[PDB]
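The chain below stands alone, shown as structure tokens; this is the form deposited in one PDB entry.
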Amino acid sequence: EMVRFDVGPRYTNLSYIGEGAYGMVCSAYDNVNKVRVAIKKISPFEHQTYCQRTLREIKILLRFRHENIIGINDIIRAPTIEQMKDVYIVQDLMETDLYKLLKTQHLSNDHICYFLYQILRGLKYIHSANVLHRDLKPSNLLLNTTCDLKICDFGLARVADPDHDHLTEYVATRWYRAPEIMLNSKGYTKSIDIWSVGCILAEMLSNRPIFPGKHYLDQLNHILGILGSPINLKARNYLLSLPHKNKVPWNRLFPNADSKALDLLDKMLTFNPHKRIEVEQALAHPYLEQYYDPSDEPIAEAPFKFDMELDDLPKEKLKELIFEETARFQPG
């Protein structure tokens, strides 16, 4: 143990990396496989949406298997469900993320291009499984080298559902939230993930968030402040009929940017979801022609039969399902 509480076996001499939703996140050492790994410690059993995000990320990441998607190595808990109050997710130790990198470094076009490729390569897998990440942002893209990118945090990950109408349903990180979400186009579409990637590409090009709104109405203010002016929004919230703006050309916002990059950016940051470019079409863009290779882009074996449509479940129940899932990592 230490200070920062935790429990090895089978990992020792850890190190603080920070705290997110629930504590460490600590870089410990592996006794069996002989490496430095990253253990995440979760204590979600006090609320409902907490275990939900815990059970989701566990169920999904175990079934996923891709070079651009973080994997679950080990999960250690108390052998009895009565004592189980903490969960320890063990994952590969990554050096940093795209968020930290963009604070200390201007990325070259070559590096930006391959970073974009790896993200979409990972997204291609996710979407082929009919799954939405819903929370893509630079801090959720882990990096080891320029050629090693891994998507993480699937706590908000839903199975796609374009046909179904979902202050409930929360959240997508504001700066990277697609316009359709804020205008109650309630369907869970794959287009929301592409929007995030668009914002992410825009952020790589200039080391700053393209739409850094304060609140969700200010977010739409920023979005329309670039794309210009385009009503189904039945809140208020209605009075967005304010200063009408013309669409700002990307080459004026990013003058030193590769023209093919800016062209793909325009197609990802499209206001209308139905017009917005899909993941395969994105990879097949002239901007990624030197990397695009379907034979080297593994997709999921089969689309996900639903996330069990689980939202309103008692916490003592999904307590067991986590216990049922994680039972494989017990030595017995």
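Residue numbers here begin at 1 and follow the sequence given. Between two forms, the rigid core is the largest collection of C-alphas that superpose within 1.5 Å.
The protein also exists as the form deposited in another entry; that form is not presented, and the subsequent description refers to it.
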{"property": "Residue showing a 2 Å-or-more C-alpha displacement between the shown form and the other one once the rigid core is overlaid, selected from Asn246, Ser241, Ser108, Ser259", "result": "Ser241"}
{"property": "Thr146 C-alpha shift between the shown form and the other one of 2 Å or more, rigid core reference", "result": "yes"}
{"property": "After fitting the core, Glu309 CA displacement of 2 Å or more between the shown form and the other one", "result": "yes"}
{"property": "Threshold 2 Å Cα movement between the shown form and the other one for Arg10, core superposed", "result": "yes"}
{"property": "Outcome for the Cα pair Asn237, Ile210 in the other form, compared with this form (closer or farther; change of 3 Å or more)", "result": "farther"}
{"property": "Pairwise C-alpha change, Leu240 versus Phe211, in the other form against this form - closer or farther, 3 angstroms or more", "result": "farther"}
